[PDB]
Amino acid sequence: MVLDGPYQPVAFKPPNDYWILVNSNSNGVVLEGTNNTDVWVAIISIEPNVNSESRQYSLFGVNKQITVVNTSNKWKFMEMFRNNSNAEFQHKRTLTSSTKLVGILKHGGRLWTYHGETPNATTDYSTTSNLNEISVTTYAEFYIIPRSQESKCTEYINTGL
């Protein structure tokens, strides 16, 4: 395998057609992304064996209380989303993972993430009218993988580095 990185946590405007593959370790905000017009996405990490409860998270500089549950032996990554700066976030998608790897991609007018349960997690999208202005802040080391090698990214998501 050949893998581009690791890059340190930073705020940046990812180029189109590169997966950002974040190697998360601790249980808070893994990454968040916004164009400040119609996309706000944040992926939050919950450790295994967590009964339903409220937890605090800083999303885009504002503190939010979010109810979480994870009675799995895997880690759970909740994809929180809103398309309007005045709305509250919604739990849009879930990725349940034993590898603790998370991805985000700008491509084809859409924003892509992984969801499902490893080893069978697959990509899904959010729409936007302003893809290019989406910048991403990662809170852990990450790699970049061209979209032409997405099958490898998917493999990493599902079975690890």
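One rule holds for the numbers: they count along the sequence shown, beginning at 1.
- Stretches 110 to 118 and 66 to 74 differ in mean C-alpha B factor, with the higher average recorded for 66 to 74.
- 57 to 65 and 125 to 133 differ in mean CA B-factor, and the higher of the two is recorded for 57 to 65.
- Comparing the listed residues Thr34, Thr94, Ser97, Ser52, the entry records the largest Cα B-factor for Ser52.
- Per the PDB record, residue ranking by Cα B-factor puts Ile144 in the middle third of the chain.
- In the deposited entry, the Cα temperature factor of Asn86 places it in the highest third of its chain's modelled residues.
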